[PDB]
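Spelled out as structure tokens, the structure:
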């Protein structure tokens, strides 16, 4: 059995949860260096490192 996870306080502090696919990496703290924001789950598994997505698809993602 398995239907739970324990993410860090950074990827999930207390500013509202989020679920678009499965799991998402970066796109909050970093959002600058290689591979700005990426999201892996289902029917998606994609990552954007371009400023376009790092500025348009990074802020509204969850960070402020």
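Numbering (PDB author numbering), first residue to last: 1 to 64. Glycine included, every Cβ here is placed at the ideal spot set by N, Cα and C.
Asked	Found
For residue 36, three-class secondary structure by DSSP	coil
Straight-line gap, residue 51 to residue 61 (C-alpha atoms, nearest Å)	14 Å
Closest Cα partner of residue 49 within the set 9, 58, 6, 10	58
From 3, 23, 28, 1, residue whose alpha carbon lies closest to that of residue 127	In this structure the chain extends from 1 to 64, so residue 127 is not present and cannot be described.
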